[PDB]
Amino acid sequence: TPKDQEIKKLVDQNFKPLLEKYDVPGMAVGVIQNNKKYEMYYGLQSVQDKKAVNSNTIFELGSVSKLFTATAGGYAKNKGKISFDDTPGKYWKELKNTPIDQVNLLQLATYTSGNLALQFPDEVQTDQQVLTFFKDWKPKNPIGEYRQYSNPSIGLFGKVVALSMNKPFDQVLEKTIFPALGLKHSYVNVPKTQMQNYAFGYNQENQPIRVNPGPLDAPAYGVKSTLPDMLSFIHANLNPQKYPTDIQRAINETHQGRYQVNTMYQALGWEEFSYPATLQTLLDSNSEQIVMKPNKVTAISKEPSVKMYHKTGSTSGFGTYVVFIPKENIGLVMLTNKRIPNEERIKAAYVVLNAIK
Ligand SMILES: *[B]([O])([O])[C]([C]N1[C]=C(C([O])=O)N=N1)[N]C(=O)[C]SC1=NN=C([N])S1
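UniProt numbering numbers the first residue of the sequence shown as 26 and each following residue consecutively.
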């Protein structure tokens, strides 16, 4: 049996059943193998409109947006606009000589400030309130020693990256990073002319919704993209030597592991693992303990010879999973317009990628 003919069958067997299981209106699953793209579309981007999911459908990426923030940081570092040893007050002058100005940019990007939780407080909304939050910040855990997964943390990193490139963060992605990556329909702000392609998300009561504005939302969870674009992004991560040298350096930078929390290596944005990874290793990265709680980190001891990378992302109405394995030249993207459990996304991708080899 010609093996490429099995990719569609494998994705049908492992991803399609999730639509009925979780009452998901629409899903887009892509595989890239040996530079060939496979795109599988299911269901509806809009229930009320009876509009089909296809290659023009725009989905919210949720925390997979952090991978573009990381790539923007790697790009600015290669242009010499920042050093990861700098502190945020070098760029956001109102933070200079405040306690947060003891945390360096790598520590912000990789969640080890020692006192930043997953979300800003609900009452922090305006730019002024965001600044006040960081000026009022005081340490808790020893800086650099504890990982607590955090939108404020990588959000501040993103704001600093934009300051170093003298452009607002949305313009850094839309005018510099996305074009260098060859993405055609990736947005921080979806323009009027693409709104008809923007899927509705659906909440747990199946009501149609889209992501709401929030503080430093764009660098933490505010990018929207299509399946073809996300496959191109995976392609760039699988083969950065084909891309312009500056974006090539940026991508490499996001692949470097910085520290570990047992079997999970924290890279810039990406989570990294020894390949082959056990299923439970991949599931653990999304455990309550790793996602919601502080964990003391360690230095990398085992430097994986062959690596794989992944990232989950969610908004209230959307689920995302991306995973790639350089030495197998394969990767996978899943986009849904209703959240489904992280472990389902990870497991389905594991079965598919293992069966293709
Ligand atoms: B990110 O996706 O990791 C991040 C945090 N997170 C984790 C999960 C999970 O485990 O299901 N869900 N969220 N995502 C966000 O912070 C999204 S914030 C918002 N999403 N929709 C809004 N209207 S605000």
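All residues carry an ideal CB built from backbone N, CA and C; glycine is no exception.
Alpha carbon to alpha carbon, how far is residue 68 from residue 263? Give it in angstroms, no decimals. 29 Å
Out of curiosity, what's the CA-to-CA distance linking residue 163 and residue 134? 18 Å
To which residues of the same chain is residue 79 closer than 6 Å at the C-beta, ignoring the five residues directly before and after it? 66
Would you list the residues sitting across from residue 360 in a DSSP beta bridge? 53, 345
Residue 257 (DSSP reduced to helix, strand or coil): helix
Three-pair Cβ contact test at 8 Å for the segment 223-242 versus the segment 303-316: no
Starting from residue 317, trace the alpha helix (DSSP H) both ways and give me its first and last residue. 313-317
Within 10 Å of its beta-carbon, does residue 242 have 16 or more other beta-carbons around it, so buried, or fewer, so exposed? buried
Cut-off 6 Å between Cβ atoms - residues of its own chain near residue 53, not counting five sequence neighbours on either side: 66, 78, 252, 360
In whole angstroms, what separates the C-alpha of residue 281 from that of residue 91? 15 Å
Cutoff 6 Å; reference residue 255; Cβ partners in own chain excluding five residues on either side: 358
Answer yes or no: the CB of residue 236 versus the heavy atoms of ligand 1, is any distance below 7 Å? yes
For residue 139, which residues from the same chain have a beta carbon less than 7 Å from its beta carbon, with the 5 sequence-adjacent residues on both sides left out? 164, 165, 166, 167, 168, 170, 171
Whether residue 213 touches residue 180 by CB criterion (8 Å): no
Can you find a heavy atom of ligand 1 that lies under 7 Å from the Cβ of residue 143? yes
Considering residue 183, what are the terminal residues of the alpha helix (DSSP H) in which it resides? 176-189
Do the segment 155-162 and the segment 195-204 make contact, defined as three or more Cβ pairs closer than 8 Å? no
Is any heavy atom of ligand 3 found at a distance shorter than 7 Å from the C-beta of residue 347? With respect to small molecules bound, the structure shown includes ligand 1 and not ligand 3.
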